[PDB]
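K.L.:
First the structure, then my questions, so here it is.
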Amino acid sequence: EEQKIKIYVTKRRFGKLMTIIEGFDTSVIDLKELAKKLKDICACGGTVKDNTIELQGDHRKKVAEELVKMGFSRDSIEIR
Amino acid sequence: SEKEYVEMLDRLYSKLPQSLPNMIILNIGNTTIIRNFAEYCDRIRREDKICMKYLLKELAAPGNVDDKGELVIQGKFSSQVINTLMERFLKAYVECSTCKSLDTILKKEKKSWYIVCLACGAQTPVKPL
Amino acid sequence: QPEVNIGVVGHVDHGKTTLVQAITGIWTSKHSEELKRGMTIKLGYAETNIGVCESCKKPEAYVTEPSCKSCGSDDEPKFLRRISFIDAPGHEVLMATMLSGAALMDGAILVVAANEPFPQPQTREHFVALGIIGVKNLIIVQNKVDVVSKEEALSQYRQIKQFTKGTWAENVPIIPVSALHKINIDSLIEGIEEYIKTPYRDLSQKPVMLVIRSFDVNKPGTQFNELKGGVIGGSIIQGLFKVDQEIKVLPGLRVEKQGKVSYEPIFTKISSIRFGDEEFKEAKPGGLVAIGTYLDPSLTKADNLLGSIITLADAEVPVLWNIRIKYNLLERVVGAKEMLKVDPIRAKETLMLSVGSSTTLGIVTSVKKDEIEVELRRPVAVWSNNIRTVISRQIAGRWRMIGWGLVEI
RNA sequence: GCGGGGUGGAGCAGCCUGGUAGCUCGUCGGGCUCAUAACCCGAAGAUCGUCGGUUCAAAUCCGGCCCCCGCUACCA
Ligand SMILES: Nc1nc2c(ncn2[C@@H]2O[C@H](COP(=O)(O)OP(=O)(O)NP(=O)(O)O)[C@@H](O)[C@H]2O)c(=O)[nH]1
Ligand SMILES: [Mg+2]
């Protein structure tokens, strides 16, 4: 395997700052379903924006931890 | 029961990964003769016809082997070039790719020959010729 | 055709496939290009001929080609049998296939690595799977001794000789090898020529077999005039198939009617029979075969009928949706780096039920002492009453072997 | 051996049609609002991979290597 990822804060609307998740292989990973799952973890709005997922608010640690729970390599994930 | 095993461990260890006799060469008119072409080949587990065929082909000269395992090349060639072409023979048909042992066999099948290491155990496929 | 099915269990990258390569020559390709950067991903396959130097000394007397003049001298070694292997993977997650694979084995060889901490996760996971399913004819092998201190490989032999104690493993011998330089393999052939004996199989029995691969032979571009048939790869266990018999595949393909689900049996004629690269007219247990069929190769491209079984057409076999398992648990989860103690089964839990070659998922409707009733996504054709099964749970994202039992009808 | 690509911190434009380096992630200043966002304007930052060639002028055109990526789709 070899799937890296970046998780960082991204400007958004009301609240403070959104959360951006990128780096998934879109041919293997369905971002729509991933986003739906992540939205339940964070209990916030979100969308698939191009090849990324954008979540409202700061949920960097939450998302990273959930991704590990889902079988993605701990070492492939970077929070910025 | 260790004896059986300890034994086994012994026998494998003794199978792991012999300079090469200097190939004596001379001249007599217009012939180059390898006094020990037989012994030489003998100690690299290779058939004389084979080293002969190869070595000859490269030389582009005729020749056969003594009734006393000697190579008579119908052409007077320089001791040196013989080696140069000989090592090349070793490289391509005797030396293992995996570890370079020179301690090998030479299989043959319909049209695929293989070098078979007695040390590492690997098979370098070679161009049957 | 090969007599018997020997499995090569063990942890990852200890070199299982490599040992198979020193014994047969064959590689498992490592394919899909992915396997080529990774490692064995499908069960690898390979066969070989074992003859013996009567006319000389053992273990070396244990030959591989009709040729004795390798040790002692010439007298064309006498042929004892032709065997087959099943290279599993080693990765903690390919557990579900290796399980599957065992269903075909008649015995095994545990490749431990000489230069890494003895009971490594998967090594154990496997071992206990072996003692659980029934594969009692075992040979442990100490692999990478070509990279260790002459002390190290003996002390490991100790930890091994000590693990192999309370457990069922009396004199499961331990033959240290060097899969890289093919050293000591002949004493391995002597082990496997002693301990992994070739089981009798009554032929008269119902023709029954497990499937673990299937391919579309057809090259990119072969014209329709010579589209070669669909091809089913797997192993026979009881009975014997012959060229031109009428056959069926179970549970077989499911239909779609607006969200409904419905599997049903596929019939065809054995177009052909092949072991290794050589064609035969019949086929009997031990080995993997491949069966040429007359069915649309679409139907068995990538490995579709994986976990399906083939039997006599017009034969009596149940295609269950719900099943009665009798059962037992391990006290630990030998397969996580962590040994956390097995929680008893709660109902409405999803568990992987590994039955035969198949790998199915199912939910728990009943929870008694050692009899639970399971509801399945994909049907299981239960060929016997003796149906061994293996039961797993998604512990931490990755699934894990936790306990077993017997199918019940 | 072919052919694609090295541009502010990251990820992409601009190059065959030579002189104007554009876009998105947060910063800073000023607006809008009763206020926060959003939106708006104004600001920081680039030897454009390197060693040179042609030109008035080279991110741009022609050659020299240095790492980066792919090549006509895989076997009872
Ligand atoms: N030094 C040494 N290296 C070995 C030995 N056996 C295997 N290796 C190395 O170990 C690597 C792993 O080989 P491989 O067979 O793919 O391991 P595997 O266990 O079969 N992979 P998988 O678990 O998925 O089947 C190879 O690169 C090989 O070079 C050995 O005895 N000595
Ligand atoms: Mg492998």
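Letters A, B, ... go to the chains of the structure tokens in the order shown; residues in each chain start at 1; ligands are counted from 1 in the same order.
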Using DSSP secondary structure from the backbone, list all alpha helix (DSSP H) positions within chain B, as a ChimeraX atom specification.
P.N.:
/B:3-13,37-42,48-59,79-93
K.L.:
For range 26-31 of chain B, please output as a PyMOL selection string all residues within 9 Å (counting only C-alpha atoms (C1' of nucleotides); exclusion window: fewer than 4 positions along the same chain).
P.N.:
chain B and resi 35+72-79
K.L.:
Keeping N, CA and C atoms for every residue in the selection just given, could you write it to a file as a PDB file, in the first residue's frame?
P.N.:
ATOM      1  N   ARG B  35      46.875 -26.961 -22.753  1.00  0.00           N
ATOM      2  CA  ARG B  35      47.248 -28.207 -22.106  1.00  0.00           C
ATOM      3  C   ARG B  35      46.190 -28.841 -21.220  1.00  0.00           C
ATOM      4  N   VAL B  72      43.187 -28.048 -29.236  1.00  0.00           N
ATOM      5  CA  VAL B  72      44.038 -27.650 -30.340  1.00  0.00           C
ATOM      6  C   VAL B  72      43.239 -26.732 -31.231  1.00  0.00           C
ATOM      7  N   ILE B  73      43.521 -25.443 -31.113  1.00  0.00           N
ATOM      8  CA  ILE B  73      42.828 -24.445 -31.903  1.00  0.00           C
ATOM      9  C   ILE B  73      43.609 -24.246 -33.182  1.00  0.00           C
ATOM     10  N   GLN B  74      42.977 -24.585 -34.297  1.00  0.00           N
ATOM     11  CA  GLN B  74      43.612 -24.433 -35.598  1.00  0.00           C
ATOM     12  C   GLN B  74      43.721 -22.954 -35.979  1.00  0.00           C
ATOM     13  N   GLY B  75      44.634 -22.296 -35.266  1.00  0.00           N
ATOM     14  CA  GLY B  75      44.929 -20.886 -35.433  1.00  0.00           C
ATOM     15  C   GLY B  75      45.884 -20.519 -34.310  1.00  0.00           C
ATOM     16  N   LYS B  76      46.862 -19.661 -34.578  1.00  0.00           N
ATOM     17  CA  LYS B  76      47.809 -19.278 -33.529  1.00  0.00           C
ATOM     18  C   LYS B  76      47.363 -17.978 -32.890  1.00  0.00           C
ATOM     19  N   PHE B  77      46.692 -18.087 -31.751  1.00  0.00           N
ATOM     20  CA  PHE B  77      46.202 -16.904 -31.070  1.00  0.00           C
ATOM     21  C   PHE B  77      47.010 -16.576 -29.839  1.00  0.00           C
ATOM     22  N   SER B  78      47.000 -15.287 -29.491  1.00  0.00           N
ATOM     23  CA  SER B  78      47.720 -14.758 -28.330  1.00  0.00           C
ATOM     24  C   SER B  78      47.135 -15.229 -27.003  1.00  0.00           C
ATOM     25  N   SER B  79      47.994 -15.786 -26.160  1.00  0.00           N
ATOM     26  CA  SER B  79      47.588 -16.303 -24.864  1.00  0.00           C
ATOM     27  C   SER B  79      46.523 -15.441 -24.199  1.00  0.00           C
TER      28      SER B  79
END
K.L.:
Tell me which protein, DNA and RNA residues are within 12 Å of range 48-64 of chain D, counting only C-alpha atoms (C1' of nucleotides), leaving out same-chain ones fewer than 6 positions away, and put them as a PDB file with N, CA, C and O atoms (P, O5', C5', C4', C3', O3' and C1' of nucleotides), in the first residue's frame.
P.N.:
ATOM      1  P     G D   5       5.490  18.684 -21.400  1.00  0.00           P
ATOM      2  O5'   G D   5       5.922  18.700 -19.858  1.00  0.00           O
ATOM      3  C5'   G D   5       4.937  18.505 -18.817  1.00  0.00           C
ATOM      4  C4'   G D   5       5.585  18.336 -17.449  1.00  0.00           C
ATOM      5  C3'   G D   5       6.580  19.388 -16.997  1.00  0.00           C
ATOM      6  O3'   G D   5       5.927  20.543 -16.495  1.00  0.00           O
ATOM      7  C1'   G D   5       7.388  17.229 -16.433  1.00  0.00           C
ATOM      8  P     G D   6       6.781  21.864 -16.170  1.00  0.00           P
ATOM      9  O5'   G D   6       7.642  21.427 -14.907  1.00  0.00           O
ATOM     10  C5'   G D   6       8.415  22.387 -14.176  1.00  0.00           C
ATOM     11  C4'   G D   6       8.927  21.768 -12.906  1.00  0.00           C
ATOM     12  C3'   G D   6       9.859  22.648 -12.084  1.00  0.00           C
ATOM     13  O3'   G D   6       9.600  22.409 -10.710  1.00  0.00           O
ATOM     14  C1'   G D   6      10.979  20.665 -12.744  1.00  0.00           C
ATOM     15  P     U D   7       9.245  23.633  -9.736  1.00  0.00           P
ATOM     16  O5'   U D   7       9.041  24.894 -10.695  1.00  0.00           O
ATOM     17  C5'   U D   7      10.039  25.938 -10.777  1.00  0.00           C
ATOM     18  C4'   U D   7       9.385  27.309 -10.781  1.00  0.00           C
ATOM     19  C3'   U D   7       8.431  27.619  -9.632  1.00  0.00           C
ATOM     20  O3'   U D   7       9.138  28.106  -8.475  1.00  0.00           O
ATOM     21  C1'   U D   7       7.462  28.284 -11.711  1.00  0.00           C
ATOM     22  P     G D   8       9.029  27.320  -7.062  1.00  0.00           P
ATOM     23  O5'   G D   8       8.831  28.472  -5.966  1.00  0.00           O
ATOM     24  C5'   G D   8       7.872  29.560  -6.143  1.00  0.00           C
ATOM     25  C4'   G D   8       8.097  30.644  -5.096  1.00  0.00           C
ATOM     26  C3'   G D   8       7.596  30.382  -3.669  1.00  0.00           C
ATOM     27  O3'   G D   8       8.519  30.848  -2.688  1.00  0.00           O
ATOM     28  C1'   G D   8       6.740  32.457  -4.480  1.00  0.00           C
ATOM     29  P     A D  13      -0.838  22.052 -14.851  1.00  0.00           P
ATOM     30  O5'   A D  13      -1.220  23.597 -14.843  1.00  0.00           O
ATOM     31  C5'   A D  13      -0.649  24.511 -15.785  1.00  0.00           C
ATOM     32  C4'   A D  13      -1.537  25.719 -15.933  1.00  0.00           C
ATOM     33  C3'   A D  13      -1.103  26.671 -17.023  1.00  0.00           C
ATOM     34  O3'   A D  13      -1.594  26.224 -18.285  1.00  0.00           O
ATOM     35  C1'   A D  13      -1.564  27.897 -15.044  1.00  0.00           C
ATOM     36  P     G D  14      -0.581  26.094 -19.529  1.00  0.00           P
ATOM     37  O5'   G D  14       0.029  27.561 -19.677  1.00  0.00           O
ATOM     38  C5'   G D  14      -0.830  28.707 -19.919  1.00  0.00           C
ATOM     39  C4'   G D  14      -0.071  30.002 -19.706  1.00  0.00           C
ATOM     40  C3'   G D  14       1.207  30.179 -20.514  1.00  0.00           C
ATOM     41  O3'   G D  14       0.920  30.726 -21.798  1.00  0.00           O
ATOM     42  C1'   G D  14       1.571  30.809 -18.246  1.00  0.00           C
ATOM     43  P     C D  15       1.301  29.903 -23.126  1.00  0.00           P
ATOM     44  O5'   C D  15       2.871  29.646 -23.015  1.00  0.00           O
ATOM     45  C5'   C D  15       3.806  30.718 -23.217  1.00  0.00           C
ATOM     46  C4'   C D  15       5.173  30.181 -23.577  1.00  0.00           C
ATOM     47  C3'   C D  15       5.246  29.239 -24.766  1.00  0.00           C
ATOM     48  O3'   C D  15       6.444  29.531 -25.478  1.00  0.00           O
ATOM     49  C1'   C D  15       6.046  28.139 -22.814  1.00  0.00           C
ATOM     50  P     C D  16       6.351  30.152 -26.957  1.00  0.00           P
ATOM     51  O5'   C D  16       6.079  28.877 -27.864  1.00  0.00           O
ATOM     52  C5'   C D  16       5.596  29.007 -29.207  1.00  0.00           C
ATOM     53  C4'   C D  16       5.813  27.718 -29.951  1.00  0.00           C
ATOM     54  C3'   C D  16       5.035  27.564 -31.242  1.00  0.00           C
ATOM     55  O3'   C D  16       5.714  28.152 -32.332  1.00  0.00           O
ATOM     56  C1'   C D  16       4.841  25.591 -29.945  1.00  0.00           C
ATOM     57  P     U D  17       4.876  28.909 -33.467  1.00  0.00           P
ATOM     58  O5'   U D  17       4.174  30.099 -32.676  1.00  0.00           O
ATOM     59  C5'   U D  17       3.850  31.340 -33.328  1.00  0.00           C
ATOM     60  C4'   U D  17       3.166  32.264 -32.356  1.00  0.00           C
ATOM     61  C3'   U D  17       3.921  32.474 -31.051  1.00  0.00           C
ATOM     62  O3'   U D  17       4.868  33.534 -31.175  1.00  0.00           O
ATOM     63  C1'   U D  17       1.655  31.923 -30.600  1.00  0.00           C
ATOM     64  P     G D  18       6.447  33.222 -31.072  1.00  0.00           P
ATOM     65  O5'   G D  18       6.786  33.451 -29.536  1.00  0.00           O
ATOM     66  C5'   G D  18       6.614  34.740 -28.934  1.00  0.00           C
ATOM     67  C4'   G D  18       7.287  34.771 -27.583  1.00  0.00           C
ATOM     68  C3'   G D  18       7.250  36.124 -26.889  1.00  0.00           C
ATOM     69  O3'   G D  18       7.110  35.897 -25.497  1.00  0.00           O
ATOM     70  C1'   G D  18       9.496  35.470 -27.251  1.00  0.00           C
ATOM     71  P     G D  19       6.197  36.878 -24.624  1.00  0.00           P
ATOM     72  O5'   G D  19       7.244  37.817 -23.876  1.00  0.00           O
ATOM     73  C5'   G D  19       6.789  38.959 -23.127  1.00  0.00           C
ATOM     74  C4'   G D  19       7.948  39.859 -22.779  1.00  0.00           C
ATOM     75  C3'   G D  19       7.549  41.202 -22.176  1.00  0.00           C
ATOM     76  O3'   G D  19       8.516  41.584 -21.210  1.00  0.00           O
ATOM     77  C1'   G D  19       8.814  41.551 -24.140  1.00  0.00           C
ATOM     78  P     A D  21       4.694  41.187 -15.292  1.00  0.00           P
ATOM     79  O5'   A D  21       4.379  39.628 -15.261  1.00  0.00           O
ATOM     80  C5'   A D  21       3.555  39.069 -14.232  1.00  0.00           C
ATOM     81  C4'   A D  21       3.222  37.631 -14.545  1.00  0.00           C
ATOM     82  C3'   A D  21       2.697  36.868 -13.343  1.00  0.00           C
ATOM     83  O3'   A D  21       1.306  37.046 -13.207  1.00  0.00           O
ATOM     84  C1'   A D  21       4.414  35.624 -14.377  1.00  0.00           C
TER      85        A D  21
END
K.L.:
Mind checking which residues fall within 7 Å of residue 267 in chain C, counting only C-alpha atoms (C1' of nucleotides), ignoring those fewer than 3 positions away in the same chain, and posting them as a count of residues only?
P.N.:
3
K.L.:
Check which residues fall inside 6 Å of ligand 2 when counting only C-alpha atoms (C1' of nucleotides) and all ligand atoms, and print them as number ranges by chain.
P.N.:
C: 17, 39-40
K.L.:
Now that the selection is made, can you save its residues with N, CA, C and O atoms as a PDB file, in the first residue's frame?
P.N.:
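After the write, out_11.pdb holds the following:
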ATOM      1  N   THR C  17       6.981 -18.019   0.233  1.00  0.00           N
ATOM      2  CA  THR C  17       7.093 -18.147  -1.212  1.00  0.00           C
ATOM      3  C   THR C  17       8.516 -18.510  -1.685  1.00  0.00           C
ATOM      4  O   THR C  17       8.702 -19.265  -2.647  1.00  0.00           O
ATOM      5  N   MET C  39       3.916  -8.346  -2.221  1.00  0.00           N
ATOM      6  CA  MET C  39       4.238  -9.728  -1.912  1.00  0.00           C
ATOM      7  C   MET C  39       3.091 -10.677  -2.354  1.00  0.00           C
ATOM      8  O   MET C  39       2.178 -10.258  -3.088  1.00  0.00           O
ATOM      9  N   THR C  40       3.153 -11.945  -1.961  1.00  0.00           N
ATOM     10  CA  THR C  40       2.139 -12.890  -2.420  1.00  0.00           C
ATOM     11  C   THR C  40       0.783 -12.386  -1.972  1.00  0.00           C
ATOM     12  O   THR C  40       0.612 -11.957  -0.826  1.00  0.00           O
TER      13      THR C  40
END
K.L.:
Pick out the residues sitting within 8 Å of range 38-42 of chain D, and hand them over as a list in words; count only C-alpha atoms (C1' of nucleotides), and ignore anything fewer than 2 positions along from it in its own chain.
P.N.:
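My list of contacting residues is residues 13 of chain A; 29, 30, 31 and 32 of chain D.
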K.L.:
Pick out the residues no farther than 8 Å from ligand 1, counting only C-alpha atoms (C1' of nucleotides) and all ligand atoms, and list them as a PDB file with N, CA and C atoms, in the first residue's frame.
P.N.:
ATOM      1  N   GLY C  10       2.656 -19.251   7.961  1.00  0.00           N
ATOM      2  CA  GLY C  10       3.692 -18.462   8.626  1.00  0.00           C
ATOM      3  C   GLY C  10       3.542 -16.948   8.537  1.00  0.00           C
ATOM      4  N   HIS C  11       4.315 -16.230   9.357  1.00  0.00           N
ATOM      5  CA  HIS C  11       4.278 -14.764   9.425  1.00  0.00           C
ATOM      6  C   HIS C  11       4.681 -14.155   8.086  1.00  0.00           C
ATOM      7  N   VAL C  12       4.579 -12.838   7.976  1.00  0.00           N
ATOM      8  CA  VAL C  12       4.878 -12.160   6.724  1.00  0.00           C
ATOM      9  C   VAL C  12       6.375 -11.967   6.473  1.00  0.00           C
ATOM     10  N   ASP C  13       6.756 -12.120   5.205  1.00  0.00           N
ATOM     11  CA  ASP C  13       8.131 -11.945   4.709  1.00  0.00           C
ATOM     12  C   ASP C  13       9.251 -12.825   5.305  1.00  0.00           C
ATOM     13  N   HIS C  14       8.877 -13.747   6.202  1.00  0.00           N
ATOM     14  CA  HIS C  14       9.748 -14.851   6.658  1.00  0.00           C
ATOM     15  C   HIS C  14      10.238 -15.682   5.466  1.00  0.00           C
ATOM     16  N   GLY C  15       9.664 -15.380   4.313  1.00  0.00           N
ATOM     17  CA  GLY C  15       9.936 -16.129   3.121  1.00  0.00           C
ATOM     18  C   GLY C  15       9.138 -17.393   3.254  1.00  0.00           C
ATOM     19  N   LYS C  16       7.919 -17.389   2.734  1.00  0.00           N
ATOM     20  CA  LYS C  16       7.212 -18.639   2.536  1.00  0.00           C
ATOM     21  C   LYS C  16       7.350 -18.986   1.068  1.00  0.00           C
ATOM     22  N   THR C  17       6.981 -18.019   0.233  1.00  0.00           N
ATOM     23  CA  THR C  17       7.093 -18.147  -1.212  1.00  0.00           C
ATOM     24  C   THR C  17       8.516 -18.510  -1.685  1.00  0.00           C
ATOM     25  N   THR C  18       9.515 -17.978  -0.988  1.00  0.00           N
ATOM     26  CA  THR C  18      10.916 -18.211  -1.334  1.00  0.00           C
ATOM     27  C   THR C  18      11.321 -19.670  -1.118  1.00  0.00           C
ATOM     28  N   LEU C  19      10.936 -20.220   0.031  1.00  0.00           N
ATOM     29  CA  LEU C  19      11.087 -21.649   0.312  1.00  0.00           C
ATOM     30  C   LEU C  19      10.363 -22.472  -0.758  1.00  0.00           C
ATOM     31  N   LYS C  30       4.337 -13.295  -8.020  1.00  0.00           N
ATOM     32  CA  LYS C  30       4.032 -12.005  -7.429  1.00  0.00           C
ATOM     33  C   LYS C  30       3.531 -11.118  -8.550  1.00  0.00           C
ATOM     34  N   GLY C  38       4.671  -5.419  -3.536  1.00  0.00           N
ATOM     35  CA  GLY C  38       4.271  -5.981  -2.266  1.00  0.00           C
ATOM     36  C   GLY C  38       4.820  -7.381  -2.128  1.00  0.00           C
ATOM     37  N   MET C  39       3.916  -8.346  -2.221  1.00  0.00           N
ATOM     38  CA  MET C  39       4.238  -9.728  -1.912  1.00  0.00           C
ATOM     39  C   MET C  39       3.091 -10.677  -2.354  1.00  0.00           C
ATOM     40  N   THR C  40       3.153 -11.945  -1.961  1.00  0.00           N
ATOM     41  CA  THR C  40       2.139 -12.890  -2.420  1.00  0.00           C
ATOM     42  C   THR C  40       0.783 -12.386  -1.972  1.00  0.00           C
ATOM     43  N   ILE C  41      -0.168 -12.380  -2.892  1.00  0.00           N
ATOM     44  CA  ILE C  41      -1.482 -11.864  -2.569  1.00  0.00           C
ATOM     45  C   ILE C  41      -2.564 -12.876  -2.869  1.00  0.00           C
ATOM     46  N   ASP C  87       0.950 -21.699  -1.519  1.00  0.00           N
ATOM     47  CA  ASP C  87       1.573 -20.585  -0.849  1.00  0.00           C
ATOM     48  C   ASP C  87       0.530 -19.575  -0.445  1.00  0.00           C
ATOM     49  N   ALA C  88       0.393 -19.387   0.860  1.00  0.00           N
ATOM     50  CA  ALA C  88      -0.531 -18.402   1.395  1.00  0.00           C
ATOM     51  C   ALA C  88       0.165 -17.056   1.398  1.00  0.00           C
ATOM     52  N   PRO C  89      -0.528 -16.015   1.847  1.00  0.00           N
ATOM     53  CA  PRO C  89       0.340 -14.862   2.044  1.00  0.00           C
ATOM     54  C   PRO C  89       0.823 -14.908   3.470  1.00  0.00           C
ATOM     55  N   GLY C  90       1.437 -13.830   3.930  1.00  0.00           N
ATOM     56  CA  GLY C  90       1.858 -13.759   5.315  1.00  0.00           C
ATOM     57  C   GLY C  90       1.275 -12.586   6.084  1.00  0.00           C
ATOM     58  N   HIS C  91       0.719 -11.611   5.364  1.00  0.00           N
ATOM     59  CA  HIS C  91       0.254 -10.346   5.944  1.00  0.00           C
ATOM     60  C   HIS C  91      -0.943 -10.470   6.885  1.00  0.00           C
ATOM     61  N   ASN C 143      13.904 -20.678   8.827  1.00  0.00           N
ATOM     62  CA  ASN C 143      14.304 -20.217   7.479  1.00  0.00           C
ATOM     63  C   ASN C 143      15.630 -19.477   7.292  1.00  0.00           C
ATOM     64  N   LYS C 144      15.732 -18.284   7.863  1.00  0.00           N
ATOM     65  CA  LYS C 144      16.780 -17.351   7.451  1.00  0.00           C
ATOM     66  C   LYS C 144      18.103 -17.495   8.221  1.00  0.00           C
ATOM     67  N   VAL C 145      18.465 -18.746   8.498  1.00  0.00           N
ATOM     68  CA  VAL C 145      19.686 -19.089   9.224  1.00  0.00           C
ATOM     69  C   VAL C 145      20.969 -18.723   8.460  1.00  0.00           C
ATOM     70  N   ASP C 146      20.815 -18.347   7.190  1.00  0.00           N
ATOM     71  CA  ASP C 146      21.942 -17.864   6.395  1.00  0.00           C
ATOM     72  C   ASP C 146      22.303 -16.429   6.745  1.00  0.00           C
ATOM     73  N   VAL C 147      21.568 -15.838   7.685  1.00  0.00           N
ATOM     74  CA  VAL C 147      21.901 -14.493   8.148  1.00  0.00           C
ATOM     75  C   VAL C 147      21.969 -14.349   9.684  1.00  0.00           C
ATOM     76  N   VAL C 177      16.607 -24.071   7.457  1.00  0.00           N
ATOM     77  CA  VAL C 177      16.915 -24.087   6.023  1.00  0.00           C
ATOM     78  C   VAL C 177      17.639 -22.803   5.610  1.00  0.00           C
ATOM     79  N   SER C 178      17.900 -22.621   4.319  1.00  0.00           N
ATOM     80  CA  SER C 178      18.258 -21.302   3.801  1.00  0.00           C
ATOM     81  C   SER C 178      17.577 -21.128   2.463  1.00  0.00           C
ATOM     82  N   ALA C 179      16.361 -20.591   2.504  1.00  0.00           N
ATOM     83  CA  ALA C 179      15.504 -20.532   1.328  1.00  0.00           C
ATOM     84  C   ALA C 179      16.134 -19.684   0.256  1.00  0.00           C
ATOM     85  N   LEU C 180      17.120 -18.894   0.646  1.00  0.00           N
ATOM     86  CA  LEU C 180      17.784 -18.031  -0.301  1.00  0.00           C
ATOM     87  C   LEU C 180      18.880 -18.737  -1.087  1.00  0.00           C
ATOM     88  N   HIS C 181      19.644 -19.592  -0.421  1.00  0.00           N
ATOM     89  CA  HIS C 181      20.690 -20.321  -1.126  1.00  0.00           C
ATOM     90  C   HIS C 181      20.353 -21.794  -1.228  1.00  0.00           C
ATOM     91  N   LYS C 182      19.079 -22.086  -0.967  1.00  0.00           N
ATOM     92  CA  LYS C 182      18.497 -23.396  -1.203  1.00  0.00           C
ATOM     93  C   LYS C 182      19.255 -24.452  -0.423  1.00  0.00           C
TER      94      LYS C 182
END
K.L.:
Which residues of chain C are close to chain A, meaning at most 9 Å apart when you count only C-alpha atoms, and how do they look as a PyMOL selection string?
P.N.:
chain C and resi 34+38+396-398
K.L.:
Would you mind listing, as a PyMOL selection string, all residues of chain B that have at least one atom within 8 Å of chain C, where only C-alpha atoms are what counts?
P.N.:
chain B and resi 5+8-9+11-13+15-16+119-122
K.L.:
Report as a PyMOL selection string the set of chain D residues whose atoms approach chain C to within 10 Å, with distances computed over only C-alpha atoms (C1' of nucleotides).
P.N.:
chain D and resi 73-76
K.L.:
What is the CA of residue 354 in chain C to CA of residue 268 in chain C distance in Å?
P.N.:
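Taking CA of residue 354 in chain C and CA of residue 268 in chain C, their separation equals 26.7 Å.
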